[PDB]
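[1] Could you work out the structure for the sequence below:
(one chain, ligands or ions: 3)
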Amino acid sequence: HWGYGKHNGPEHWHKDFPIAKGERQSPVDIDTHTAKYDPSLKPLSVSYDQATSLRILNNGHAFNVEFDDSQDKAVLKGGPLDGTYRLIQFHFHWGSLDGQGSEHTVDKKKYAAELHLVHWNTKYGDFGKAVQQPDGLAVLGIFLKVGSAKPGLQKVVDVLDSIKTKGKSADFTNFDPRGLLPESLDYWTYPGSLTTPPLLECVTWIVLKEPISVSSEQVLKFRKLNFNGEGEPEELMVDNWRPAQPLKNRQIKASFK
Ligand SMILES: CSC1=S=Nn2c1nc1ccc(S(N)(=O)=O)cc12
Ligand code: NA
Ligand SMILES: [Zn+2]
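    Numbering: from 1, shown residues only. Ligands and ions are numbered 1, 2, ... in the order given. Structure data below:
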């Protein structure tokens, strides 16, 4: 029932998922000036060399590129993390216009889109168990601005016409997620939640300071996807972002400056 419309959008989610008004919800606005520099934060360790993408799926909320997470093939560690976290999938949130689409904001600035690379703590054995733990997930968030094309994104964009509507999936092998990363791994970090139902408060957020640039044609292809199923009338998959939630009793930490 939940989605991103006038009658089922983020402002309605609390009725089915009361944790929507919880103490550690995501996303948030990142106030760059009040973020606390922590010189004891380690560099982020991204080990994606052995990544195995499997499939791409339109789930009716976004599209997800799924990975083989049955071994330590693509892992996140270091940074603010004590554990090793396995890459399970990535997806994006994006807007109807280039001026909105990101979930996190930076000094109230919205980006055109936001990439989430979702990882789960291996000490919990699977994703389903990890989401029930306050240190279960690490989501690496990367902002997208519209400018030059991201060549490493083009394989994703090109396959989207095959997964136009809710429920559709396609084989998607040999995709290298390293082609989606900016030059710098400087980051902000804070404890938060899934940004869609069930909104579980299980995520260590790591948001990269440097956005990647994608072209207008690339983001236009995102906007041609459908929220609806093949049988159903067309609602374009746009503005599938949750707005910033109250920071409450949390501090955002910075690895830099
Ligand atoms: C196997 S279901 C699954 S795998 N990764 N995720 C899932 N549900 C999610 C719901 C939300 C997010 S988010 N927007 O990265 O906080 C990631 C999710
Ligand atoms: Na919707
Ligand atoms: Zn997300």
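
[2] Pull up the residues of the stretch 1-150 of the chain that are close to ligand 2.
    Contact residues, the stretch 1-150 of the chain versus ligand 2 (C-beta under 5 Å from the ion): 3-4. Bear in mind the C-beta positions are built from the backbone N, C-alpha and C, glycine included.

[3] So which residues of the stretch 1-150 of the chain form helices?
    127-130 (DSSP state H, counting those that start in this stretch).

[4] Which single residue in it comes nearest to ligand 2?
    Closest residue of the stretch 1-150 of the chain to ligand 2, C-beta to the ion: residue 3 (2.5 Å).

[5] what do you get for the stretch 151-257 of the chain?
    Nearest residue of the stretch 151-257 of the chain to ligand 2, counting by C-beta to the ion: residue 227, 4.4 Å away.

[6] Now do the same contact list for that residue.
    3-4, 60-61, 166, 235-237, 240 (C-beta atoms under 8 Å, 6 or more residues apart in numbering).

[7] Also residue 157?
    With C-beta under 8 Å, 6+ apart, residue 157 has these contacts: 218, 221-222.

[8] try 7 Å
    Residues near residue 157 by C-beta atoms under 7 Å, 6 or more residues apart in numbering: 218, 221.

[9] any idea which element it lies in?
    helix 154-159 (DSSP states H and E).

[10] which residues sit against the next helix or strand after that helix?
    Next helix or strand after helix 154-159 toward the C-terminus (DSSP H and E): strand 169-171. Under the contact criterion C-beta under 7 Å, 6+ apart, strand 169-171 has outside partners 55-57, 159, 162-163.

[11] got a winner among those for most neighbours?
    Compared across the contacts of strand 169-171, residue 56 has the highest neighbour count, 24 neighbours, by other C-beta atoms under 10 Å.

[12] circling back: how about the nearest residue to the residue of the stretch 151-257 of the chain closest to ligand 2, chain neighbours excluded?
    Nearest residue to residue 227, sequence neighbours excluded (C-beta to C-beta, 6 or more residues apart in numbering): residue 235, at 4.5 Å.

[13] Show the backbone phi and psi for that neighbour.
    phi -120, psi 120 (degrees, to the nearest 10).

[14] ok, now which ones touch it?
    226-228.

[15] can you list the residues you listed in CSV and add distance to residue 172 and secondary structure?
    Converted to CSV, the contacts of residue 235 look like this (distance: C-beta to C-beta, whole Å; DSSP: H, G, I helix; E, B strand; the rest coil):
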residue, distance to residue 172, secondary structure
226, 18, strand
227, 21, coil
228, 22, coil
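
[16] Residue 200: which of those is nearest?
    residue 227 (22.8 Å; C-beta to C-beta).

[17] quick one: the closest one from residue 81, how far?
    The gap separating residue 227 from residue 81 is 34 Å, by C-beta to C-beta, to the nearest Å.

[18] Next: residue 243.
    For residue 243, the distance to residue 81 (C-beta to C-beta) stands at 27 Å.

[19] same thing with residue 112?
    28 Å.

[20] Who has more neighbours out of the two?
    Remark: of residue 112 and residue 81, residue 112 carries more neighbours, 25 against 19, as counted by other C-beta under 10 Å.

[21] All good on my end, thank you.
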